[PDB]
């Protein structure tokens, strides 16, 4: 018979007794050993004393320690996340002039878009401990845990292509700002009245629907639920950075504007670019250009310090 150590956090361990009659999965459950899923194998003596990472059939304790480490997750999360880690350890990172980019493999071009964007976002951190720990590992130079994690939270699938902007939302939905940020929208209807809509922190740094600063600070017009001519305009905006993102939009980018970076969608393919002339990163292969015809999807602007007296 066999006794091994079972953990879900690499901190808390319990001993489980195993025979070598049936498989790990049948006796115990989904178990990973040194990255490998060995649920459907026979317990060997050489696997004795060593530590396993359990993925299902958790105790009430382990379940609680899971929800504190990863937040509230579905019963298939841990297996999916562990599986993804094994799937993506083969992936490689290119480093061109102290800039890290994700080499192309298994249609992971969108993950190159997400991560190269996130590496520019200043003063962000994640509330979920495991994600924040992975994030600090990623900036440290080891990105396997992080890449795997956001694929897990994003319900992605290995190999399958995916919407980069959808993912950059899910990830940012779990982050927060380590500083001050303010965004005030001012609506008004003559029968209904003036109304100020306020956003603080991260939500004040990211908008979906418009691709540039200009179309953002513009006066919208529509119909109030009151039943008349309603208006809308951004009157206050203070950020360390601004992330605007919309559907793929064809245009010519010239280099001197004030973007800092942006993503492009070709076709099912993503590219990330910066402005230090235009530098582009097509998943490892770096290029320099002075102008580009492309379908921009997300744009990154520097810190906003803007006020409008609204006339």
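Numbering follows the first chain given and starts at 1.
The modelled chain breaks between residue 255 and residue 256, where 1 to 3 residues of the deposited sequence lack coordinates. A chain break between residue 267 and residue 268 is present, corresponding to 4 to 9 residues of the deposited sequence without coordinates. As the entry records it, the average C-alpha temperature factor is higher for 227-235, out of 227-235 and 163-171. Remark: stretch with higher mean C-alpha B factor among 197-205 and 111-119 is 197-205. Looking only at 77, 241, 222, 146, the residue with the top Cα B factor in the deposited structure is 222.
For the set 36, 273, 42, 54, the PDB entry puts the maximum C-alpha B factor at 42. Among the modelled residues of its chain, residue 294 has a C-alpha B-factor that falls in the highest third, as given in the PDB entry.
The deposited CA B-factor of residue 191 belongs to the highest third of values across its chain. Placement of the Cα temperature factor of residue 47 within the chain: highest third of the modelled residues, per the deposited record. Among the modelled residues of its chain, residue 158 has a C-alpha B-factor that falls in the middle third according to the deposited record. The deposited CA B-factor of residue 106 belongs to the middle third of values across its chain.
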